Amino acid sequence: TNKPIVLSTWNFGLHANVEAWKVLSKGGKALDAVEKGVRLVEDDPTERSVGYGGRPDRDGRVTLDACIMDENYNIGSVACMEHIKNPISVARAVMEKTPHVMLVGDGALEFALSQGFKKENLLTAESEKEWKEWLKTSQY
């Protein structure tokens, strides 16, 4: 048995893996390792397809989707949630703190706020700039 071990998608997964390994190499839970690992990307504004710095929907709104699943079929999910930088952690709270497994839209934000997460502006100057250039080319 080759353990511990972690796999993640794309080039930036190499960096996310380093964070997950800080947990895995010390005997920590896979659940903690994958949350910490992906939060790194959510936090980084230069990672434009995850959390902070994510390119918005056509209307200029940054809406995030995330889900988490542990070793015993417990699951949590948030979709189309705005203003919260770490949706993977809100998904973990949906899993651990509610009798539900999926919250979306306004209710997902409301639940996040109730859990102490802070409302932040996820739209970076760079993402806003690109969004506006897309509006010109697409003529939307």
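Heads up: residue numbers just count along the shown sequence, starting at 1.
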### Query
Should the higher mean CA B-factor in the entry be assigned to 111-119 or to 66-74?
111-119
### Query
Would 128-136 or 6-14 have the larger average of its C-alpha temperature factors, as given in the entry?
128-136
### Most elevated Cα B-factor in the entry, residues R48, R39, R92, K29
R48
## Note on the structure
Temperature factor at the Cα of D106, chain-ranked in thirds, falls in the middle
### Query
So where's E35 on the chain's Cα temperature factor ranking, which third?
lowest
### Task
Please rank the C-alpha B-factors of the chain's modelled residues and tell me whether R55 sits in the lowest, middle or highest third.
middle
### Task
Taking the chain's C-alpha temperature factors as the reference, tell me which third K85 falls into: lowest, middle or highest.
middle
### Task
State the tercile, meaning the lowest, middle or highest third, of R61 with respect to the CA B-factors recorded for its chain.
highest
